[PDB]
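One structure is given here, and the rest of the page talks about it.
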Amino acid sequence: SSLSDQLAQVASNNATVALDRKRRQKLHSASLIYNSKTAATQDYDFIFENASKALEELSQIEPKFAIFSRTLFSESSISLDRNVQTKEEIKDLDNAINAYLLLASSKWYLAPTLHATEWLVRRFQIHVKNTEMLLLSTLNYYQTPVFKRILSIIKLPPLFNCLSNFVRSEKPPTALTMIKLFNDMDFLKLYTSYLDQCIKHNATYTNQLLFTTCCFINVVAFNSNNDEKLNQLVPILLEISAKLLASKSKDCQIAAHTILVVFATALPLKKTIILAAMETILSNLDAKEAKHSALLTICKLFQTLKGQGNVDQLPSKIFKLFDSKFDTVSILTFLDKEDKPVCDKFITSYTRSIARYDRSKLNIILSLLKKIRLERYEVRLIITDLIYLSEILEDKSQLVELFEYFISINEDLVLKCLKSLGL
Amino acid sequence: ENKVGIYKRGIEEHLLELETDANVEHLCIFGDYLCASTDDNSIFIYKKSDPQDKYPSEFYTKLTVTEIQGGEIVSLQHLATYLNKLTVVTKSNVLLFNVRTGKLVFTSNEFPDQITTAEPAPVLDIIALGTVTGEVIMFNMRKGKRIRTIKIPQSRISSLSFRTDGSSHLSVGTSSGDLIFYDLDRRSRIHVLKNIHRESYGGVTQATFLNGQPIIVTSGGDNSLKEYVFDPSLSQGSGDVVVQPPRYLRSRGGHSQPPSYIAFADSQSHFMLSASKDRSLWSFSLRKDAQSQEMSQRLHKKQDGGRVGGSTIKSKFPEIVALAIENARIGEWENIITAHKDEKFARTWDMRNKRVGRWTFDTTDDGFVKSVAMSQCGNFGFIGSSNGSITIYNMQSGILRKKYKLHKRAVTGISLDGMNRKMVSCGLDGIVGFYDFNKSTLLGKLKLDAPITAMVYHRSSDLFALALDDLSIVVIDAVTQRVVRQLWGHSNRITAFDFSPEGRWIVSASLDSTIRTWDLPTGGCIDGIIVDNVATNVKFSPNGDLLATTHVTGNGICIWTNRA
Amino acid sequence: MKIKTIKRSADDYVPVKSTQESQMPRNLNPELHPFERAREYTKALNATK
Amino acid sequence: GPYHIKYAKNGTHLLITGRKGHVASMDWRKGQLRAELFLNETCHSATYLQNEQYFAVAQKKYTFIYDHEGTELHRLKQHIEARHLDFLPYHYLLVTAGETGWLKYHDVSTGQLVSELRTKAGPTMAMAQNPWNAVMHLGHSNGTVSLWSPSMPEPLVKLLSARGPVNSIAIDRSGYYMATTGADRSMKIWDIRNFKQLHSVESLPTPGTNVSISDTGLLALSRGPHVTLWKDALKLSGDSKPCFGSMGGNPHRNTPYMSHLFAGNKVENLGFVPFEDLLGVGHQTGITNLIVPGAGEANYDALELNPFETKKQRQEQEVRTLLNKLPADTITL
Amino acid sequence: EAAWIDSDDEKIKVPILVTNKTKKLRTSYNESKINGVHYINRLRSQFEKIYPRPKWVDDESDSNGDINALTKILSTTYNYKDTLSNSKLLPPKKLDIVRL
Amino acid sequence: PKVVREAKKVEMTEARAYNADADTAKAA
RNA sequence: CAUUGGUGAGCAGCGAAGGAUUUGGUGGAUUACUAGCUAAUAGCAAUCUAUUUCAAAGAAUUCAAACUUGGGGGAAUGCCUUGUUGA
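Chains as they are written, first to last, in the authors' numbering: chain UJ, 2 to 424; chain UU, 95 to 658; chain JP, 1 to 49; chain UG, 112 to 444; chain UR, 122 to 184, 202 to 238; chain CE, 410 to 437.
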């Protein structure tokens, strides 16, 4: 290409080395707390003094910073120059800094974290050498003056072009612009990689998890038009939902329930896909609040399924696991709740599964039908399954009670099913 | 068929005839050995004579695979770091043959599917096996155990390739037109290129990553070869997780279906136009086979103001059954007029921009355009419909001027003199009609016996020729206005014919699979070729040198030269 | 193979504070400082003028 | 066209010239472009004369002197048809040797042609300055190298190096060893104090097109697309003679210390960077910095030449060197 | 461990210094012929020098409801929004209409 | 501004491959 | 009364799951298609080095050389040419 273009790549390669006193003044003048004048005045002993003090405070608050006190906050780390070490030691230094940013992501409303990361910024040059993890870690704080300072310092990557508009201004970046930033696709690949690493290191928290599920919901809402853009949004968001559900924290499980319910009401998904999601939900469902949320989302998925074989029986292992996680008293309390969220298709599949598999809880079936107003095709299918079960299994007084209840309410439909099969 | 030729720079430097009659099916070279498997499961191994020599020459041995050892041979591979081993993969299992001694060494556990492809992986001992369901088996050979199993559902796998750039990707090209890229470390599918080649012409028949480049060359059966790149990632730290999808890079192509109408597009014999039944008009090059664009069917924005009414699903035009081109006004307005199958109008095309023009030319009596012609000066286009009418449109502004109602059957030929003086038409009522054109009168009306199916006008001698339906070519002088020659001898329908560039021969290809060269002065047939396949177009060069013909099957254009 | 090239720390040759002055390294080597007598003759002549 | 590399004396700027008109003066390390000129006349060479700030390029007929921004300052009516430029940096003298068989020294601070010297032997085929001595070794088409000085209108000393034309010469920094390759596929290592040739490699399997010697005694030779480097070749001991192979691993032979080749190219010139350990090779397509470990010397001197240099430091030293320049009649052997 | 053994492969003995590839393959400056097993071991290491060894063979081997069901289903299918319902329902906000 | 997706010129670097004509060897 | 002047509000007409203008990038062509590297009658292309050497051949204008200068005057000191003294 052109000589200015090749020289531009050469400059961005040697972007951080201080080949002269003017570049040194500029590079050492960019800072998180101190302004230009004092940041160009002071020195590494000053910055490291404040760093060691603030890290003592941070280790007292949360005890995991002792390892960075061993490696990233030592006097040999005063002495070592990042731009001279080989690529292997560069890679290990980057692993150390990425692990620190994952830990101190959740503590950024704190002058200790501000001072410790001041030392990282003005010794190891994270703010130009690896800004991706810096922005992703401190992305949920997006109104705050800490994010304003981070923006005014960072040279922005390719993917953060909206923030390249908002850099060094007065107003914060707005929620619609964060919706743009997430609405790109390669950004979502990057961010789901970041969250998978975050879950595997087991340091998530409620504010960040709220923020990321809100951005995901708004991405699905913005792409509600394009069936094609939704269909290529499917694997990313449902993979992060799978990992978020495989997590151990009830917070991650509720956030995955939120992503699942909004994406399955925005896209009419396959029956096997819905049943597999239900299986993972129930297979890791542990806590009580997550149990409530999981029942709500299972009802919503089974409802938003609309198609052929809509209301068929739950299969063997899925029904077994579902009863083991939600025995009958829980679902009966959910049904005599007074909010009354619509769940008729899930209930009908539940009763058909009980009729084929368990063949014991028919009084429970009667209580379900007494508490729920089913639709006509669901009543017809339940009646047909009960006719088959009466003709195969030995006749029982609970089955007589069920048919007496039908003849009390909606006898002519029973006459129609008997006319289809029988006398 | 039965032999293996060893070429260098196009020239057959050695021949290797096998000692059977069964056709050769597969072929794998490695080392000093050449392994050629004919179709009845017997592999012929040939050896280099001297270990300095360049190609295998001598018979060495004849291995065989009976039914109790394997099915029909699917592929012949060689893996690296295998001394004298030939991996023969059949429809049921994978075999290793020692080729020097000639002794089998291993037989894998039989796969419960049918194997269609094999491919040696760039790691040791590993071969990938594509089946007829959606399965790619990563199979080891040191142990003989299926390392991995990757499922494509509802497809047949047709071509496998690995990546050797520094990223661990795989490319699975299916027999439906699709090409799917996997990352083997994360067990992911990076992407899927949909419908790159036609499903109806095999799908993807070969896909190859070049050796160390992020460039995949994929060739189909629809007369096309493409190659795509993997642009590097847009992230800094992540890298291999945010993979850009593969974008397009170079490609060559031709016609998929056989060609319908050809035409020499200038007097240098540089360019051919070729319109074909896959509805595509190409501009092939007779000098350099990388100068040959496809002419673009991308419409122009109207000069009235309304909106052009069509489908919002873009499509190609109907197939082309007539073409006229005139280079007198090129680069100023349109100079091609094309007549499409079962439409009521013609299109203008522009050979400068290789695009459509902005005018379409109607017939105005509910008739299909049956024939077209252009003036020599490049100003006028004559459209002869299928109800007799001749409409005369100006080509700069594409505006209607005249209409000549002499025929009442269709008009199967129009032409204008080089002086814009006289104008001939010929039509299915067996009628030739000689009009004036500077006046607007009728000069004469000749009636022949049969209907008339084609007319060719040689302007330098003012002789035109009419292909009739009593199977003859009637040569008529246009000035003195009578038949001068009547060439007899074809035994079936006359498909196509054309004049010599000086007016001395008529070359006529006909549906009895023949091509006859008649001489106009002495009147007799001076040459006759019999072809294996019926010839549907014949065109002399505007220069003297080339003949171009095209047949019923075959997606190309046969070029012949002049011993004369 | 023991590859080792010339690596310089900008921390050593360009100081961190703006106010501090720069290290001026010196390397006495007569090949590196060529014109002894000519340079001293011109300094003596400029001193007399 | 095929480019041509010059580095500054600090080793902090790079001046490239292409055979068509492309002349670029760039910072090479922070990736700046100081001045780019699309001269259309075929340009032959160029030197940064005293700073990054002024450079002289040789053009189709006349040498031109440009500012730090491409502002053309002078054209030299007296420097007709030059192919070789140089700059004696303590003496402030631009030396131009041409196709006219003449050799001209032009004092660039005053503006004055110090000397015109008539080389008899016709168009000059190579040129290199002895830095420690500041005496110009030209290399003629006869095979003779000639040591020249701007006071004597006669060559100080003529040495018959090779049979047929001299192709390229290069003198060590310490002023003791000259390497000269000639188009009879030959390469001589000469000693300059007392003028006794040390050892003479006789059949290079292509003529040598360029030679250069580093600040560590590394000797780099380019004979086509190939670049080769011998370490400790410039000694006086008869087993230090450069070879291409150790027959049976004979430990006396001097096999090459480093090798590279530019597969489709043909290298125009080459030059080690002053204070890093690299050589810049300027070839038909562009510019490439080869990483050669022991090549450059590590610990410089700030009173002489700074890689790290403020503008204020720069201009103060420019005045100091103007004040302490040496007269051109103090150039002896 | 392996599953087959080749007696002539252990029998064979090959030169090295007759080609430049195998001249790369040698070890000492006095060896000039090497038998088959040491030959194939050196070739195997040289293949490793050309193509480095990847994780997907180094670590992975394919050998109560689980939590990998959603990932397995997503890995199997390629079209998520189902079309083979044919529900006798009508899809909202996206009309399937043709002109006649 | 949305993310600038823009393709840059590709350049075939050199390759390294294998040689089955060393992989095959003759008898004693 | 006109505007062959601008800015807007509506029709008639054209009219298949939209339409119009501007714009960044990359690919193919712009001359008429015989494959890459090198030390080259071959070799390499996963390498040229623990054959990379020896033998042979190879030395005019006894230095002819700016064919290369904006116009006029000059040229102390330089440089060129010619003669002279002294070694």
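Here a beta-carbon is modelled for each residue, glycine too, at the ideal position from N, C-alpha and C.
For residue 449 of chain UU, there is no enclosing alpha helix (DSSP H); the residue is found in the beta strand (DSSP E) stretching over 449-456.
C-alpha of residue 362 of chain UU to C-alpha of residue 636 of chain UU: approximately 7 Å in a straight line. Contact residues of the segment 216-230 of chain UR toward chain UJ are 217, 218, 219, 220, 222, 223, 224, 225, 226, 227, 229 (C-beta to C-beta distance below 9 Å). When JP:31, JP:19, JP:11, JP:22 are compared, the shortest CA-CA separation from residue 408 of chain UG is found for JP:31.
Assigned with DSSP and collapsed to three states, residue 344 of chain UJ falls in coil, not helix or strand. Comparing C-alpha distances from residue 340 of chain UJ to each of UJ:297, UJ:201, UJ:184, UJ:73 shows the shortest one belongs to UJ:297. Around the beta carbon of residue 380 of chain UG, 16 or more other beta carbons lie within 10 angstroms, which makes this residue buried. When the alpha-carbon of residue 167 of chain UR is set against those of UU:334, UU:233, UU:216, the nearest one is in UU:216. With a cut-off of 8 Å on Cβ pairs, the segment 349-358 of chain UG is not in contact with the segment 389-404 of chain UG, counting fewer than three such pairs.
The beta-carbon distance between residue 430 of chain UU and residue 465 of chain UU, rounded to whole angstroms, is 15 Å. This is too long to meet the 8 Å contact definition. For residue 214 of chain UU, the pairing in a beta bridge is given by DSSP as UU:221. A distance below 8 Å separates the beta carbons of residue 118 of chain UJ and residue 33 of chain UJ. Chain CE has a Cβ within less than 8 Å of the Cβ of residue 165 of chain UJ. With a cutoff of 8 Å on beta-carbon distance, residue 274 of chain UU and residue 283 of chain UU are scored as near each other. The C-beta of residue 453 of chain UU has 16 or more other C-beta atoms within 10 Å across all chains shown, which makes the residue buried. By alpha-carbon distance to residue 155 of chain UG, the top candidate from UG:192, UG:203, UG:141 is UG:192. Judged by DSSP in its simplified three-state form, residue 21 of chain JP adopts coil rather than helix or strand. For residue 24 of chain UJ, the enclosing alpha helix (DSSP H) has its first and last residue at 22-28.
Contact annotation: in the segment 136-160 of chain UJ, residues whose CB is within less than 9 Å of a CB in chain CE are 159, 160. Nearest in C-alpha terms to residue 68 of chain UJ, of all of UJ:100, UJ:84, UJ:414, is UJ:100. Chain UJ places no beta carbon closer than 8 Å to that of residue 249 of chain UU, leaving this residue out of the contacts.
Here residue 105 of chain UU carries a strand assignment [DSSP, helix/strand/coil]. Fully contained in the segment 129-202 of chain UG are the following beta strand (DSSP E) runs of length 3 or more, in chain order: 133-137, 144-149, 157-159, 166-169, 173-177, 183-191, 193-199. Here residue 298 of chain UU is buried. Its C-beta has 16 or more other C-beta atoms within 10 Å. A check of alpha carbon separations from residue 300 of chain UG across UG:314, UG:128, UG:280 identifies UG:280 as the nearest. For residue 337 of chain UJ, no CB of chain CE lies under 8 Å from its own CB, so it is not counted at the interface with that chain.
Contact annotation: residue 164 of chain UR and residue 146 of chain UR have beta-carbon atoms nearer than 8 Å. Distance from the Cα of residue 524 of chain UU is smallest, within the candidate group UU:404, UU:539, UU:252, UU:543, for UU:543. Per DSSP, reduced to three states, the secondary structure at residue 592 of chain UU is strand.
Contact between residue 643 of chain UU and residue 603 of chain UU is confirmed by a C-beta separation of about 6 Å, below the 8 Å threshold. In the assembly as shown, residue 400 of chain UU is an exposed residue. Its beta-carbon has fewer than 16 other beta-carbons within 10 Å. Our two residues, residue 207 of chain UG and residue 227 of chain UG, have alpha carbons roughly 10 Å apart in a direct line. Contact between the segment 19-31 of chain UJ and the segment 47-66 of chain UJ is absent: fewer than three C-beta pairs spanning the two stretches fall below 8 Å.
Across the structure, residue 53 of chain UJ and residue 339 of chain UG are spaced so that their CA atoms are roughly 52 Å apart. The CB of residue 7 of chain JP comes closer than 8 Å to the CB of 85 in chain UJ, given here in chain order. The beta-carbon distance between residue 201 of chain UG and residue 423 of chain UG, rounded to whole angstroms, is 22 Å. This is too long to meet the 8 Å contact definition.
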